Every structure is written in C-alpha cells, then in structure tokens.
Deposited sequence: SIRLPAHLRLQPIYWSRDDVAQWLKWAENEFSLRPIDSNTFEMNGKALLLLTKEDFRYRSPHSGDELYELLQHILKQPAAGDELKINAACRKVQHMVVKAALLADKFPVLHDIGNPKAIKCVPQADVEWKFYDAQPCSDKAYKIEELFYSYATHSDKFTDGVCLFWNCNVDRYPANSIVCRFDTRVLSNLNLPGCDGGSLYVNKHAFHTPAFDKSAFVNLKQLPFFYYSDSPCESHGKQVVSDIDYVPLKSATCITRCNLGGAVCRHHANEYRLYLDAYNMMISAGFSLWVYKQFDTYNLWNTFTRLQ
C-alpha cells in the first residue's frame, strides 16, 4: 500500500517526498503526530541514517518508520502503466528530437515501430519504419524485418537508427536506444539532459541551477519560470522511467554542446 505520489524508489525521493511519507505513515499506522521537519532531508540522505538516528529524531515512532522503509526497499511499489507510458513517450520525444537537431541526420530508421507513428513528427527528416510483426492496419508503410546485427550491420548506415524497446542482439553504432551488457558495445550511456527551444516566459519559483537544463534562458544561468517548470516535470518522467528499469544509450558522438549551439 502506498500513495501514487510515493511509488518511486526512495533513492529518488525529494525532501517534500519524505514529509509526505511521514504524514502518510502517521495515518496508516496511527502514530503519534510528528513535525514534518523531523527528517528535513531528501531520500538519498534518509537512506544513510541508522535505525538509531530514527529513534533519536522520533522517540515515539522512529523504530517503526525505519522498519517501514526497509519493507519499501525490500518490496518496491509498482508504477502505474499509463503514467509510465506517458513518461516513456515524453523521454522518447525529447531524446530523438534533440539528436536530430544536434546532428541533422537526413534519415531515421525506426526499428521496432509497428504503428508507423513518428515520435518527432515536426522534424525535417525522412522517417522510415521497420518491424518484425507490423500492425495489420499500418503494415502498408512498414518494412517487415527482423533486425539482427550479424545480418544487417552493413545496412541502415545512413542517418540514425532508433530502437525504442526493440531488444535486438546487438545495436549498430548509429543508434538511439531504450531498453528495459554486450548488446551496447557500439554505444555509450545517454546522460540525463533537458532541451527546449520553446520561447521563455516569466510568469523562477525555487531558482533552478543545473548545467543539464539546455535552454536559451540558461545561457545566462537564470532559467525562466516556464522552463524551470518544464525541466522539473521532465525530470520526474525521466526518473519514473529509470526507476522502472529502463536505460538509454546513444551513438558515441552525441554531444550536448551541439544543442547549446542551436541558440546562436
């Protein structure tokens, strides 16, 4: 049992998440009321305290809270499927949009897409679809193809390849990948970043200091309120996807400085 605002692993919890954890546990287990600032820290810090630190901070429920956390760690909550679908779509659009802008691939080979739907429909690129089992109502614009590196490593060399949850034996070097370690040898892990080219708007909040917020307003280090809100929503989606066991990989020459250069 857990609120839908706590289903992520405690490592990703914010300081506000911890306070909600305390209030939820206060009601679920009929514990003595506890001040929210008793555990004024985020999740990664809360996981470093000892059971004794819990007892000192909360004499009346410290031991109980500690054991509750250990069960949450031993049996993690399952995320909502629709929420995870939305998160995955947001990440897919962000990453593929950025790669196309950064490196201006003339062609995208979407391998494992059975519905012929572009995740970045506005991009200036030739979009091609392949799938081993295309949907009957979209097969007329999908190449029926089971990708295997040993068979196709000399194909799809122009442009970039997208494998979104298409768990092939081994990815080509020019690929963008989401997968739920030998398969990735031609690639590198994709570090987190947020990119936006939408216009800034002034009406901040808690000021956002982050080198990974790639926005025009961040060139000067002062992120506008709109992009700060977008960044935080995107990070929540990214974390939800990472917590659910997905990992992102990319062609080795992917470079975020190419994204910064789009603002000049």
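So which bits of the deposited sequence did not make it into the model? In sequence order, the gaps with no modelled C-alpha are 1-2, 183-213, 237-244, 306-308.
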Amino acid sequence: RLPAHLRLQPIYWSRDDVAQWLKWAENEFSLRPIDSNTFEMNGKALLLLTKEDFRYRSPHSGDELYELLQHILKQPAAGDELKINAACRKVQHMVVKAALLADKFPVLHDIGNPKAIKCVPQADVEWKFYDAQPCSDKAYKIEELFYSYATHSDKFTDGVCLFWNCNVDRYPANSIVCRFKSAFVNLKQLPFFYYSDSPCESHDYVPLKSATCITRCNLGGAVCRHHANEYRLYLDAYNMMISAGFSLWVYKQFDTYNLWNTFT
From here on, numbers count along this sequence of modelled residues.
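In the PDB record, does 23-31 or 194-202 carry the higher mean Cα temperature factor? 23-31 has the higher mean C-alpha B-factor.
Of 170-178 and 74-82, the one with larger mean CA B-factor: For C-alpha atoms only, the mean B-factor is higher in 74-82.
Among 229, 210, 38, 215, which carries the highest Cα B-factor? By C-alpha B-factor in the record, 38 ranks first.
Is residue 264 in the lowest, middle or highest third of its chain when residues are ranked by C-alpha B-factor? As the PDB entry reports it, the C-alpha B-factor of residue 264 lands in the highest third of its chain.
Hey, what third does residue 13 fall into on Cα B-factor, ranked over its chain? Answer is highest: the recorded C-alpha B-factor places it there.
Classify residue 224 as lowest, middle or highest third according to the C-alpha B-factor given in the PDB entry, relative to its own chain. Lowest third.
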